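**Student:** Sharing a structure here in structure tokens format.
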Amino acid sequence: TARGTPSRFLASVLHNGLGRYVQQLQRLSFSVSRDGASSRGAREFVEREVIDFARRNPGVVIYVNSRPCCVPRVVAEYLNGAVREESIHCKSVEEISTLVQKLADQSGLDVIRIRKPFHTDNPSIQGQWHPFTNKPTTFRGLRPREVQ
Amino acid sequence: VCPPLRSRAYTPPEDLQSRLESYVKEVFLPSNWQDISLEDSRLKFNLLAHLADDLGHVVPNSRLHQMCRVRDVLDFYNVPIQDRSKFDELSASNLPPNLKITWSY
């Protein structure tokens with residue numbers, strides 16, 4: 001639930017779109033087992049899809065370990081330092097492909113509740129409303145019931 | 001004593017048809033030697049044993065019955081087989097500069 005979970009505001013990493021778009025994913029590390037049905041899909045991914053993904057994403061360094069620990073995994077490290085570890089246990093080639101593409105397109109910011117669907121650093125152009133906008137002034141600035 | 005293990009890599013020789021027809025003449029003659037039938041056990045064994053000894057690559061039992069003709073034998077022997085592991089098959093495949101593969105086995 002929202003009250004039982006952290007929340008953040010919509011944001012980018014370094015104003016990622018203003019000047020140029022920089023892919024925030026910088027590292028992928030696939031720990032895959034030579035033997036083991038759990039990593040069969042990961043093996044097929046390494047055989048058939050990892051090279052094409054690598055050449056499609058030249059900014060992402062991709063390591064393949066062929067020696068996992070406790071499960072076959074993909075660890076995605078983003079420029080902002082976030083590290084997202086995803087088990088590729090018993091996932092098919094297409095599942096791993098979609099997961100990897102999601103990691104590629106996603107930023108390092110936490111996947112938690114986002115308070116607002118929008119973020120303006122300059123919400124107002126004509127001046128944020130304050131009680132005295134739309135209030136007429138009076139001669140000599142006399143407050144109501146003022147004698148002089 | 002166990003000799004060095006026979007590498008399963010096999011590259012068909014360039015003069016494969018010539019060598020095969022020489023062996024066929026040695027074992028069995030008529031025109032279109034490609035279509036000579038190997039129905040005879042003696043002749044099939046002689047030809048296939050000679051080829052296996054010479055080329056260091058024998059017809060497996062699974063494919064053995066499919067060698068109905070010298071054409072089939074030629075087809076089997078002109079298809080290469082590589083014994084390199086998947087590690088080699090991947091690393092020596094022009095990996096892009098951002099992809100690094102390491103093997104701890």
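We label chains A, B, ... in the order they appear in the structure tokens, count residues from 1 in each chain, and number ligands from 1 in the order shown.
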For chain A against chain B, which residues fall within 10 Å using only C-alpha atoms, given as a list in words?

**Tutor:** residues 27, 28, 29, 30, 32, 33, 34, 46, 47, 50, 51, 52, 53, 54, 55, 56, 57, 58, 59, 60, 61, 62, 63, 64, 65, 66, 67 and 68 of chain A

**Student:** Take CA of residue 106 in chain A and CA of residue 123 in chain A and report the distance between them in Å, one decimal.

**Tutor:**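 Here the two named atoms are 25.9 Å from each other.
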
**Student:** Using Å and a single decimal, report how far CA of residue 65 in chain B sits from CA of residue 16 in chain B.

**Tutor:**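 These two atoms are separated by 21.3 Å.
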
**Student:** Please determine, counting only C-alpha atoms, which residue among A:75, A:45, A:10, A:3 has the shortest atom-to-atom distance to residue 117 in chain A.

**Tutor:**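 Closest to residue 117 in chain A, using only C-alpha atoms: A:10.
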
**Student:** Compile the contact shell of range 53-58 of chain B as a ChimeraX atom specification: residues with an atom at most 10 Å away, counting only C-alpha atoms, same-chain residues fewer than 3 positions apart removed.

**Tutor:** /B:6-13,16,19,48-50,61,64,76-77,81

**Student:** Identify, on the basis of only C-alpha atoms, every residue whose closest approach to residue 89 in chain A does not exceed 7 Å; exclude the query and any residue fewer than 5 positions from it along the same chain; express the result as a ChimeraX atom specification.

**Tutor:** /A:38-39,71-72

**Student:** Any chance you could export the current selection's N, CA, C and O atoms as an mmCIF file, in the first residue's frame?

**Tutor:**
data_model
loop_
_atom_site.group_PDB
_atom_site.id
_atom_site.type_symbol
_atom_site.label_atom_id
_atom_site.label_comp_id
_atom_site.auth_asym_id
_atom_site.auth_seq_id
_atom_site.Cartn_x
_atom_site.Cartn_y
_atom_site.Cartn_z
ATOM 1 N N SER A 38 17.548 -24.501 -14.969
ATOM 2 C CA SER A 38 17.121 -23.169 -14.567
ATOM 3 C C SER A 38 17.637 -22.121 -15.537
ATOM 4 O O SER A 38 16.945 -21.141 -15.829
ATOM 5 N N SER A 39 18.848 -22.312 -16.054
ATOM 6 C CA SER A 39 19.489 -21.334 -16.915
ATOM 7 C C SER A 39 19.431 -21.720 -18.384
ATOM 8 O O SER A 39 20.216 -21.205 -19.178
ATOM 9 N N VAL A 71 21.501 -18.785 -8.254
ATOM 10 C CA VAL A 71 20.468 -18.729 -9.287
ATOM 11 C C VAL A 71 21.053 -17.983 -10.483
ATOM 12 O O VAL A 71 21.926 -17.125 -10.294
ATOM 13 N N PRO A 72 20.619 -18.251 -11.715
ATOM 14 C CA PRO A 72 21.058 -17.409 -12.834
ATOM 15 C C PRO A 72 20.403 -16.039 -12.772
ATOM 16 O O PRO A 72 19.188 -15.920 -12.611
#

**Student:** Quick check, in Å to one decimal: how far apart do CA of residue 49 in chain A and CA of residue 13 in chain A lie?

**Tutor:** 28.4 Å

**Student:** Go through range 20-148 of chain A and collect every residue that DSSP, computed from the backbone, puts in alpha helix (DSSP H); the answer should be as JSON, numbers by chain.

**Tutor:** {"A": [40, 41, 42, 43, 44, 45, 46, 47, 48, 50, 51, 52, 53, 54, 55, 56, 93, 94, 95, 96, 97, 98, 99, 100, 101, 102, 103, 104, 105]}
